[PDB]
Number of protein chains: 2
Amino acid sequence: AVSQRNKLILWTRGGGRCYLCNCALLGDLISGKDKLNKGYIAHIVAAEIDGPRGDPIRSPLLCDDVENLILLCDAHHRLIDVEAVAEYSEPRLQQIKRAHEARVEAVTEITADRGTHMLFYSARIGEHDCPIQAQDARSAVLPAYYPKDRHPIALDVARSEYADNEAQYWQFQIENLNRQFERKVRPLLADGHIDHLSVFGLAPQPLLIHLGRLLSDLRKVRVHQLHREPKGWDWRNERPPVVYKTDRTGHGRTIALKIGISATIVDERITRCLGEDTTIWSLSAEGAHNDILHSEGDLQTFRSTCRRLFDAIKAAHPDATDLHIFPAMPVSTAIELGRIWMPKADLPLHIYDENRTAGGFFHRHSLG
Amino acid sequence: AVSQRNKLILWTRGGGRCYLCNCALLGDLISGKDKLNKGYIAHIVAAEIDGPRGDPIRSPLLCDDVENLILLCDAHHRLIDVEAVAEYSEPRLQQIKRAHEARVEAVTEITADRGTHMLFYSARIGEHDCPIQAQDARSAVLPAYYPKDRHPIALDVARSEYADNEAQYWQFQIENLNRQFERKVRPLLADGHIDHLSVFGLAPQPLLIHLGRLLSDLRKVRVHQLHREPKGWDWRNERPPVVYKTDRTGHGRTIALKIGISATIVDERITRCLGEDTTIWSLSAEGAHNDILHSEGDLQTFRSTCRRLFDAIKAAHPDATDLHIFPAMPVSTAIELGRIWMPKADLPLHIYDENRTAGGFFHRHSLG
Ligand SMILES: [Mg+2]
Ligand SMILES: [Mg+2]
Ligand SMILES: [Zn+2]
Ligand SMILES: [Zn+2]
């Protein structure tokens, strides 16, 4: 008889399907319908010397050799053993066997990769009080991804002797994010060992938008959000979906977009900063607060909503100079704004940041 | 211990692959490398009451139940039993089991006659930032087809020191598309090595139409579209069908057709570069935007609409020598335009391209 191990090997290699018609044999095996041929195993060289394609030497030599076995439903076992023996010689059955098993392996191999690389963008990476820590990141990617390497790729929000309201800070942080990406990320992407990137960013919104721009050409990226109670970076999905809705005020030719997702922004702060002659488009979340981005669906609906608004804005204003962005966005949406921006389909973006020391909005960074 | 029959069932349903990374386990099973966990079987609810997700009632109830078993390599068995027990809850592991076994069955169902060759037309084929990659293509042909060869056939939008706004560039790309097609595709067709062809094109629309013309006589072709959110080349089916509208303006001697599916094209832009003595036919999609081609039905309905429009244009202008095409089309529709054009009955096509930064439409290619 055929060993249980050879049965397992052949059924795995054969995908549990008839090698001539591909029909599914597992359900019948479980049902015990394999009374004529246990396990639906067919011998190419018959185990019996007097059988179809039998041989006095090779029949006993091959009766428990998996390289001599195929799976057949009862009908097609009868076809190669009784009705059409001459049609199905050892080489022809052997070639159907290789081809069936090669095909099965190739299709079960095709699937998205689960392994991911963590990318951190934050101040104080590697220090005791860093708000993104490797053990919290490695847990947060499960179970949708698993860490392919234990250690994150570290992009530093580098320590600086300039404050958020001095231009000096923004030039230093932008060029330093640029050097950093071009130094530790690009060579690993070029090299091809990274197939999925899990992103954990905590930085001023203009820098997070630039990070998103740097990630825009990548195919496998999952952005994470810092959640607030309990603190952590794992996606949750426990609340009703965030409701976003778009609007506009004014009719000047300076096009602005305020994005009030974690907070509200009144139109005054934009007109006080831009001209009085403005059009202020709006992307708002109902109940805007800094813990509003709860679930990945919330992030996807932001991406698609923001995409629709970007199209609508350029369609409504075919005389484009730029678009002036005024954000109050969770870190995950700020990265995704930069990631979905299309360098030559969208308007160029001028990103404003609230000077929290004294005074309102100031232009700190641009895309395009 | 787990029965030999349940081991066979699980190994067949699982395709002999780790349910967390999809790596192949049979070779290691045959080699006796399954020293820590025999057969690479992991219990979701542990067989041991004291184990991960163990239970005094359900552990013995399920220790020989195939619905509680998965296949795992040693590293991911340790991931769900030691490192990340809480993250990998029974419901989350059950999802993975159901998804893994559903995919394995659906892909092994694809019969041997459904094999396909991937054909790429794009810049930067084989580089990390190419927007068409072998792994996304081979996933995209499933479950309708399976890749007959692991490697795509690469037609390059070849690098040159020419710019798209000078004629030499277009002449260069056309001879290179012709040469590569004649040597990498055609010689394999005659014998039957290449039969069904799955096509992934990302190129300037006039070159994509030419690609379609090169495919025009082929009987087995499936064109793919590059989608956004999520990125990928797999056909989707989540939206209402695209709505197409055919219309016409003017009564002039020179016949034009604008095809605004991913964007709108106003009549000016046709009027001169061509003149005022024009008839401007139109084939537009309601809500034209760059991700509008969602489903394979949307592409088929484009084919039939464009076919009907071509006939109507020929009937309406029996003294017309040719037709001036002004496209703003998804990549898949552009290929299919070239593929359905009939030299026998249709007007010759002069294809125009939007000159970036200079501005305006310029004649870059012709068919017939
Ligand atoms: Mg037999
Ligand atoms: Mg276990
Ligand atoms: Zn059969
Ligand atoms: Zn694994």
# chains A, B, ... in the order shown; residues from 1 in each chain; ligands from 1
call {"tool": "select_by_dssp", "arguments": {"residues": "stretch 25-110 of chain B", "states": "strand (DSSP E)", "output": "VMD selection string"}}
result
chain B and resid 41 to 43 69 to 71
call {"tool": "write_last_selection", "arguments": {"atoms": "C-alpha atoms", "output": "tab-separated table (two decimals), in the first residue's frame"}}
result
chain	number	residue	atom	x	y	z
B	41	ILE	CA	0.55	22.24	12.58
B	42	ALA	CA	-0.41	25.10	14.86
B	43	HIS	CA	-3.54	24.91	17.01
B	69	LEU	CA	-5.66	23.96	12.81
B	70	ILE	CA	-3.39	26.03	10.59
B	71	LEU	CA	0.01	25.50	8.97
call {"tool": "residues_around", "arguments": {"residues": "residue B:196", "least_positions_apart": "3", "cutoff": "6 Å", "atoms": "only C-alpha atoms", "output": "PyMOL selection string"}}
result
chain B and resi 116+220-221
call {"tool": "write_last_selection", "arguments": {"atoms": "N, CA and C atoms", "output": "JSON list (two decimals), in the first residue's frame"}}
result
[["chain", "number", "residue", "atom", "x", "y", "z"],
["B", 116, "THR", "N", -1.44, 32.48, -19.07],
["B", 116, "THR", "CA", -1.28, 33.73, -19.79],
["B", 116, "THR", "C", 0.17, 34.20, -19.67],
["B", 220, "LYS", "N", -6.71, 36.44, -28.30],
["B", 220, "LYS", "CA", -6.76, 36.23, -26.86],
["B", 220, "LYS", "C", -5.92, 37.31, -26.16],
["B", 221, "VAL", "N", -6.58, 38.40, -25.78],
["B", 221, "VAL", "CA", -5.95, 39.54, -25.14],
["B", 221, "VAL", "C", -6.83, 40.03, -24.01]]
call {"tool": "closest_atom_pairs", "arguments": {"of": "chain A", "to": "ligand 1", "cutoff": "8 Å", "atoms": "only C-alpha atoms and all ligand atoms", "output": "Markdown table"}}
result
| residue | atom | partner | partner_atom_place_in_ligand_line | distance |
| --- | --- | --- | --- | --- |
| A:42 | CA | ligand 1 | 1 (Mg) | 4.9 |
| A:43 | CA | ligand 1 | 1 (Mg) | 5.0 |
| A:44 | CA | ligand 1 | 1 (Mg) | 6.8 |
| A:45 | CA | ligand 1 | 1 (Mg) | 7.8 |
| A:46 | CA | ligand 1 | 1 (Mg) | 5.5 |
| A:47 | CA | ligand 1 | 1 (Mg) | 7.6 |
| A:51 | CA | ligand 1 | 1 (Mg) | 7.1 |
| A:52 | CA | ligand 1 | 1 (Mg) | 6.6 |
| A:77 | CA | ligand 1 | 1 (Mg) | 6.6 |
| A:78 | CA | ligand 1 | 1 (Mg) | 7.9 |
| A:80 | CA | ligand 1 | 1 (Mg) | 7.6 |
| A:81 | CA | ligand 1 | 1 (Mg) | 5.5 |
call {"tool": "select_by_dssp", "arguments": {"residues": "stretch 81-221 of chain A", "states": "helix (DSSP H, G or I)", "output": "PyMOL selection string"}}
result
chain A and resi 81-83+90-109+134-140+167-184+186-191+205-214
call {"tool": "interface_residues", "arguments": {"of": "chain A", "to": "chain B", "cutoff": "9 Å", "atoms": "only C-alpha atoms", "output": "ChimeraX atom specification"}}
result
/A:4-5,7-9,11-17,21-24,26,30,99-100,103-115,139-140,142-143,146,189-192,217-220,300,303-304,311
call {"tool": "write_last_selection", "arguments": {"atoms": "N, CA and C atoms", "output": "short mmCIF file (atom, residue, chain, number, x, y, z; two decimals), in the first residue's frame"}}
result
data_model
loop_
_atom_site.label_atom_id
_atom_site.label_comp_id
_atom_site.auth_asym_id
_atom_site.auth_seq_id
_atom_site.Cartn_x
_atom_site.Cartn_y
_atom_site.Cartn_z
N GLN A 4 1.13 6.72 4.19
CA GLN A 4 0.37 7.92 4.50
C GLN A 4 1.15 9.19 4.16
N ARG A 5 2.47 9.16 4.34
CA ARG A 5 3.28 10.32 4.02
C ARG A 5 3.29 10.59 2.51
N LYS A 7 0.88 9.74 0.54
CA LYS A 7 -0.45 10.26 0.26
C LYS A 7 -0.51 11.76 0.53
N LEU A 8 0.07 12.19 1.65
CA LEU A 8 0.03 13.60 2.00
C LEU A 8 0.79 14.43 0.99
N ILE A 9 1.98 13.96 0.61
CA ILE A 9 2.82 14.68 -0.34
C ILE A 9 2.08 14.86 -1.66
N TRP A 11 -1.17 14.59 -2.41
CA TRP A 11 -2.37 15.42 -2.31
C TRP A 11 -2.01 16.90 -2.18
N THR A 12 -0.91 17.21 -1.50
CA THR A 12 -0.47 18.59 -1.42
C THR A 12 0.02 19.07 -2.77
N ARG A 13 0.92 18.31 -3.39
CA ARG A 13 1.44 18.71 -4.69
C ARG A 13 0.33 18.82 -5.73
N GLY A 14 -0.66 17.95 -5.65
CA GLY A 14 -1.75 17.94 -6.61
C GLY A 14 -2.89 18.88 -6.31
N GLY A 15 -2.80 19.63 -5.21
CA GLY A 15 -3.87 20.49 -4.79
C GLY A 15 -5.18 19.78 -4.52
N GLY A 16 -5.13 18.46 -4.32
CA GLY A 16 -6.35 17.69 -4.11
C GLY A 16 -7.28 17.67 -5.29
N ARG A 17 -6.74 17.72 -6.51
CA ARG A 17 -7.59 17.80 -7.68
C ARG A 17 -7.17 16.76 -8.71
N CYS A 21 -8.97 16.54 -15.16
CA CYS A 21 -10.05 17.50 -15.32
C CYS A 21 -10.04 18.59 -14.27
N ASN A 22 -9.16 18.50 -13.27
CA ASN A 22 -8.93 19.47 -12.21
C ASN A 22 -10.06 19.51 -11.19
N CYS A 23 -11.00 18.57 -11.23
CA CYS A 23 -12.10 18.61 -10.27
C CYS A 23 -11.62 18.36 -8.84
N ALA A 24 -12.36 18.91 -7.89
CA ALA A 24 -11.98 18.86 -6.49
C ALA A 24 -12.31 17.49 -5.89
N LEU A 26 -11.17 16.54 -2.57
CA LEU A 26 -11.09 16.50 -1.12
C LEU A 26 -12.44 16.21 -0.48
N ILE A 30 -13.28 13.12 2.07
CA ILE A 30 -13.84 13.24 3.42
C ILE A 30 -15.11 12.43 3.52
N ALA A 99 3.38 19.07 -15.06
CA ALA A 99 2.71 20.31 -15.43
C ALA A 99 1.62 20.64 -14.46
N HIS A 100 0.87 19.63 -14.01
CA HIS A 100 -0.16 19.88 -13.03
C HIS A 100 0.46 20.36 -11.72
N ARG A 103 2.04 23.86 -12.04
CA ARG A 103 1.00 24.89 -12.08
C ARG A 103 0.44 25.16 -10.69
N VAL A 104 0.20 24.10 -9.91
CA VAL A 104 -0.37 24.26 -8.57
C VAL A 104 0.57 25.08 -7.69
N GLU A 105 1.86 24.75 -7.70
CA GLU A 105 2.81 25.51 -6.90
C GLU A 105 2.85 26.97 -7.32
N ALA A 106 2.80 27.24 -8.62
CA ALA A 106 2.97 28.61 -9.07
C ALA A 106 1.78 29.49 -8.67
N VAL A 107 0.56 28.95 -8.68
CA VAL A 107 -0.57 29.81 -8.34
C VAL A 107 -0.70 30.00 -6.84
N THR A 108 -0.39 28.97 -6.03
CA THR A 108 -0.50 29.17 -4.58
C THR A 108 0.60 30.09 -4.07
N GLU A 109 1.64 30.32 -4.87
CA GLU A 109 2.72 31.22 -4.49
C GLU A 109 2.32 32.69 -4.60
N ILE A 110 1.36 33.02 -5.46
CA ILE A 110 1.03 34.40 -5.76
C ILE A 110 0.16 34.98 -4.65
N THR A 111 0.70 35.93 -3.91
CA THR A 111 -0.10 36.60 -2.88
C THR A 111 0.69 37.80 -2.41
N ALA A 112 -0.04 38.77 -1.86
CA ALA A 112 0.63 39.94 -1.32
C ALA A 112 1.53 39.55 -0.16
N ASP A 113 2.62 40.27 -0.01
CA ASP A 113 3.57 39.98 1.04
C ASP A 113 3.02 40.50 2.35
N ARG A 114 3.17 39.72 3.40
CA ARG A 114 2.83 40.17 4.73
C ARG A 114 3.92 40.82 5.49
N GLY A 115 5.16 40.62 5.13
CA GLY A 115 6.23 41.17 5.93
C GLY A 115 6.39 42.65 5.63
N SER A 139 4.08 45.59 17.53
CA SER A 139 2.76 45.09 17.86
C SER A 139 1.67 45.74 16.99
N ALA A 140 1.85 47.00 16.59
CA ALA A 140 0.77 47.72 15.91
C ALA A 140 0.53 47.22 14.49
N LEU A 142 0.53 44.10 13.46
CA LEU A 142 -0.22 42.86 13.49
C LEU A 142 -1.72 43.14 13.61
N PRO A 143 -2.57 42.27 13.06
CA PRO A 143 -2.12 41.10 12.33
C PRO A 143 -2.13 41.37 10.86
N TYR A 146 3.39 41.60 9.49
CA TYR A 146 4.34 41.28 10.55
C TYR A 146 5.69 41.92 10.25
N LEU A 189 15.18 50.83 -0.89
CA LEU A 189 14.11 50.64 -1.86
C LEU A 189 14.69 50.18 -3.19
N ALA A 190 15.72 50.89 -3.66
CA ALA A 190 16.45 50.49 -4.86
C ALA A 190 16.88 49.03 -4.78
N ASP A 191 17.31 48.59 -3.59
CA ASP A 191 17.87 47.26 -3.41
C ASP A 191 16.80 46.17 -3.52
N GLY A 192 15.55 46.50 -3.20
CA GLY A 192 14.44 45.60 -3.42
C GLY A 192 14.05 44.67 -2.28
N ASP A 217 5.48 57.76 -4.52
CA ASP A 217 5.63 56.79 -5.61
C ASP A 217 5.63 55.34 -5.15
N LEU A 218 5.65 55.09 -3.84
CA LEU A 218 5.74 53.74 -3.32
C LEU A 218 4.39 53.03 -3.40
N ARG A 219 4.43 51.72 -3.65
CA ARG A 219 3.23 50.95 -3.92
C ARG A 219 2.61 50.33 -2.66
N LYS A 220 3.41 50.00 -1.65
CA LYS A 220 2.92 49.31 -0.46
C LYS A 220 3.31 50.13 0.77
N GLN A 300 -9.03 55.96 4.98
CA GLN A 300 -9.31 55.80 3.56
C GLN A 300 -10.34 56.82 3.09
N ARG A 303 -8.69 59.97 2.41
CA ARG A 303 -7.94 59.99 1.15
C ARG A 303 -8.87 60.22 -0.04
N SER A 304 -9.98 59.47 -0.09
CA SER A 304 -10.87 59.59 -1.24
C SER A 304 -11.61 60.92 -1.24
N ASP A 311 -9.81 67.43 -7.15
CA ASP A 311 -10.34 67.49 -8.51
C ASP A 311 -11.31 68.65 -8.64
#
call {"tool": "closest_residue", "arguments": {"among": "A:361, A:165, A:3, A:72", "to": "ligand 3", "atoms": "only C-alpha atoms and all ligand atoms"}}
result
A:72
call {"tool": "residues_around", "arguments": {"residues": "residue A:363", "least_positions_apart": "2", "cutoff": "10 Å", "atoms": "only C-alpha atoms", "output": "list in words"}}
result
residues 167, 206, 273, 324, 325, 326, 350, 351, 352, 353, 354, 361, 365 and 366 of chain A
call {"tool": "residues_around", "arguments": {"residues": "residue A:253", "least_positions_apart": "6", "cutoff": "7 Å", "atoms": "only C-alpha atoms", "output": "ChimeraX atom specification"}}
result
/A:277-279
call {"tool": "atom_distance", "arguments": {"atom1": "atom CA of residue A:284", "atom2": "atom CA of residue A:233"}}
result
23.2 Å
call {"tool": "closest_residue", "arguments": {"among": "A:90, A:215, A:331, A:34", "to": "residue A:122", "atoms": "only C-alpha atoms"}}
result
A:331
call {"tool": "atom_distance", "arguments": {"atom1": "atom CA of residue B:117", "atom2": "atom CA of residue B:134"}}
result
11.1 Å
call {"tool": "decode", "arguments": {"residues": "stretch 115-246 of chain B", "atoms": "C-alpha atoms", "output": "mmCIF file, in the first residue's frame"}}
result
data_model
loop_
_atom_site.group_PDB
_atom_site.id
_atom_site.type_symbol
_atom_site.label_atom_id
_atom_site.label_comp_id
_atom_site.auth_asym_id
_atom_site.auth_seq_id
_atom_site.Cartn_x
_atom_site.Cartn_y
_atom_site.Cartn_z
ATOM 1 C CA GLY B 115 -2.398 30.290 -18.699
ATOM 2 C CA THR B 116 -1.277 33.730 -19.785
ATOM 3 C CA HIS B 117 1.848 35.728 -20.616
ATOM 4 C CA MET B 118 2.235 39.172 -19.035
ATOM 5 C CA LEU B 119 3.153 41.938 -21.473
ATOM 6 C CA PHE B 120 4.473 45.196 -20.034
ATOM 7 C CA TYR B 121 4.748 48.502 -21.876
ATOM 8 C CA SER B 122 6.214 51.194 -19.650
ATOM 9 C CA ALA B 123 9.249 53.215 -18.751
ATOM 10 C CA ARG B 124 11.750 51.859 -16.157
ATOM 11 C CA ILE B 125 10.690 48.179 -16.339
ATOM 12 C CA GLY B 126 12.583 46.180 -13.731
ATOM 13 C CA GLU B 127 13.384 49.100 -11.405
ATOM 14 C CA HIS B 128 12.136 49.655 -7.885
ATOM 15 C CA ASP B 129 9.901 52.603 -8.811
ATOM 16 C CA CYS B 130 8.376 51.102 -11.980
ATOM 17 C CA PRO B 131 4.571 51.474 -11.709
ATOM 18 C CA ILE B 132 4.145 48.021 -13.275
ATOM 19 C CA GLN B 133 5.926 45.219 -11.380
ATOM 20 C CA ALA B 134 5.914 41.495 -12.055
ATOM 21 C CA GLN B 135 4.404 40.665 -8.664
ATOM 22 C CA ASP B 136 1.449 42.990 -9.058
ATOM 23 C CA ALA B 137 0.863 41.756 -12.606
ATOM 24 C CA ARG B 138 0.879 38.060 -11.777
ATOM 25 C CA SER B 139 -1.560 38.735 -8.946
ATOM 26 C CA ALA B 140 -3.729 40.790 -11.314
ATOM 27 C CA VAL B 141 -4.289 37.955 -13.828
ATOM 28 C CA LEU B 142 -5.884 35.737 -11.121
ATOM 29 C CA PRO B 143 -8.311 34.067 -10.908
ATOM 30 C CA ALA B 144 -9.295 34.316 -14.583
ATOM 31 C CA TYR B 145 -5.806 33.329 -15.733
ATOM 32 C CA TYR B 146 -2.551 32.172 -14.270
ATOM 33 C CA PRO B 147 0.900 33.346 -15.379
ATOM 34 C CA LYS B 148 2.274 30.802 -17.837
ATOM 35 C CA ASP B 149 5.772 32.314 -17.447
ATOM 36 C CA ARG B 150 7.010 33.867 -14.230
ATOM 37 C CA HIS B 151 8.632 36.775 -16.014
ATOM 38 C CA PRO B 152 6.868 39.506 -17.982
ATOM 39 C CA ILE B 153 7.753 40.380 -21.552
ATOM 40 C CA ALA B 154 9.135 43.918 -21.373
ATOM 41 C CA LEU B 155 8.376 46.546 -24.026
ATOM 42 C CA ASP B 156 10.251 49.694 -23.002
ATOM 43 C CA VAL B 157 9.283 53.311 -23.318
ATOM 44 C CA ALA B 158 12.962 53.558 -24.042
ATOM 45 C CA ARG B 159 15.176 56.253 -22.582
ATOM 46 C CA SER B 160 16.629 58.724 -25.049
ATOM 47 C CA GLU B 161 18.017 62.235 -25.045
ATOM 48 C CA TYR B 162 14.930 63.309 -27.044
ATOM 49 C CA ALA B 163 12.022 65.265 -25.585
ATOM 50 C CA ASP B 164 8.349 64.374 -26.131
ATOM 51 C CA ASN B 165 7.713 67.734 -27.835
ATOM 52 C CA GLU B 166 10.040 67.042 -30.802
ATOM 53 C CA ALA B 167 9.273 64.593 -33.603
ATOM 54 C CA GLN B 168 12.456 62.513 -33.125
ATOM 55 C CA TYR B 169 11.139 61.285 -29.752
ATOM 56 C CA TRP B 170 7.946 59.870 -31.287
ATOM 57 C CA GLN B 171 9.755 58.282 -34.226
ATOM 58 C CA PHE B 172 12.213 56.776 -31.729
ATOM 59 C CA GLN B 173 9.517 55.281 -29.489
ATOM 60 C CA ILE B 174 7.566 53.888 -32.407
ATOM 61 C CA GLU B 175 10.518 52.100 -33.998
ATOM 62 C CA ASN B 176 11.488 50.755 -30.556
ATOM 63 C CA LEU B 177 7.967 49.495 -29.768
ATOM 64 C CA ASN B 178 7.868 47.835 -33.217
ATOM 65 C CA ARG B 179 11.276 46.165 -32.911
ATOM 66 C CA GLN B 180 10.662 44.902 -29.384
ATOM 67 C CA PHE B 181 7.223 43.561 -30.308
ATOM 68 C CA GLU B 182 8.469 41.858 -33.452
ATOM 69 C CA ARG B 183 11.275 40.012 -31.655
ATOM 70 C CA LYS B 184 9.882 39.301 -28.174
ATOM 71 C CA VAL B 185 6.193 38.668 -28.923
ATOM 72 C CA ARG B 186 5.614 37.714 -32.575
ATOM 73 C CA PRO B 187 8.162 34.848 -32.946
ATOM 74 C CA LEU B 188 6.655 33.141 -29.907
ATOM 75 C CA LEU B 189 3.128 33.374 -31.331
ATOM 76 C CA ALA B 190 3.685 31.370 -34.518
ATOM 77 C CA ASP B 191 4.690 28.223 -32.658
ATOM 78 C CA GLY B 192 2.168 28.655 -29.861
ATOM 79 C CA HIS B 193 4.560 29.386 -27.002
ATOM 80 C CA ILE B 194 2.698 32.654 -26.415
ATOM 81 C CA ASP B 195 -1.056 32.280 -26.716
ATOM 82 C CA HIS B 196 -3.223 34.366 -24.356
ATOM 83 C CA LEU B 197 -1.711 37.744 -23.556
ATOM 84 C CA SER B 198 -2.363 39.939 -20.498
ATOM 85 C CA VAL B 199 -1.358 43.542 -21.230
ATOM 86 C CA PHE B 200 -0.135 46.233 -18.819
ATOM 87 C CA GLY B 201 0.584 49.519 -20.558
ATOM 88 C CA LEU B 202 1.653 52.848 -19.037
ATOM 89 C CA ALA B 203 2.864 55.160 -21.774
ATOM 90 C CA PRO B 204 1.900 58.304 -23.690
ATOM 91 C CA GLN B 205 -1.500 57.724 -25.259
ATOM 92 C CA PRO B 206 -0.284 57.757 -28.922
ATOM 93 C CA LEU B 207 2.218 55.001 -28.092
ATOM 94 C CA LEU B 208 -0.516 53.082 -26.247
ATOM 95 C CA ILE B 209 -2.779 53.293 -29.310
ATOM 96 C CA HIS B 210 0.070 51.954 -31.428
ATOM 97 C CA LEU B 211 0.512 49.101 -28.957
ATOM 98 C CA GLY B 212 -3.183 48.391 -29.425
ATOM 99 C CA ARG B 213 -2.729 48.360 -33.183
ATOM 100 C CA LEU B 214 0.076 45.796 -32.819
ATOM 101 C CA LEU B 215 -2.330 43.612 -30.789
ATOM 102 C CA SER B 216 -5.196 44.137 -33.243
ATOM 103 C CA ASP B 217 -5.128 40.711 -34.867
ATOM 104 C CA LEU B 218 -4.627 38.764 -31.647
ATOM 105 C CA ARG B 219 -7.619 36.738 -30.566
ATOM 106 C CA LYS B 220 -6.762 36.235 -26.857
ATOM 107 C CA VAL B 221 -5.948 39.538 -25.140
ATOM 108 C CA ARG B 222 -6.896 40.963 -21.755
ATOM 109 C CA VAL B 223 -5.929 44.598 -21.243
ATOM 110 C CA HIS B 224 -5.411 45.838 -17.679
ATOM 111 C CA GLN B 225 -5.916 49.289 -16.127
ATOM 112 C CA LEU B 226 -3.790 50.955 -13.436
ATOM 113 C CA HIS B 227 -6.119 51.836 -10.535
ATOM 114 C CA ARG B 228 -5.690 54.158 -7.579
ATOM 115 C CA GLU B 229 -6.820 53.660 -4.006
ATOM 116 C CA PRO B 230 -5.453 51.034 -3.549
ATOM 117 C CA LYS B 231 -2.851 51.121 -6.377
ATOM 118 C CA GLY B 232 -2.779 48.002 -8.512
ATOM 119 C CA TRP B 233 -3.610 46.527 -11.904
ATOM 120 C CA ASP B 234 -6.372 44.146 -10.826
ATOM 121 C CA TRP B 235 -9.825 44.787 -12.261
ATOM 122 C CA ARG B 236 -12.410 45.884 -9.663
ATOM 123 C CA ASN B 237 -16.192 45.834 -9.430
ATOM 124 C CA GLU B 238 -17.400 48.207 -6.719
ATOM 125 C CA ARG B 239 -18.962 51.137 -8.550
ATOM 126 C CA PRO B 240 -21.872 51.814 -10.877
ATOM 127 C CA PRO B 241 -20.886 51.452 -14.545
ATOM 128 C CA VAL B 242 -19.196 54.342 -16.299
ATOM 129 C CA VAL B 243 -21.684 56.298 -18.450
ATOM 130 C CA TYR B 244 -20.530 57.235 -21.944
ATOM 131 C CA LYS B 245 -21.989 59.933 -24.165
ATOM 132 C CA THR B 246 -21.505 60.495 -27.888
#
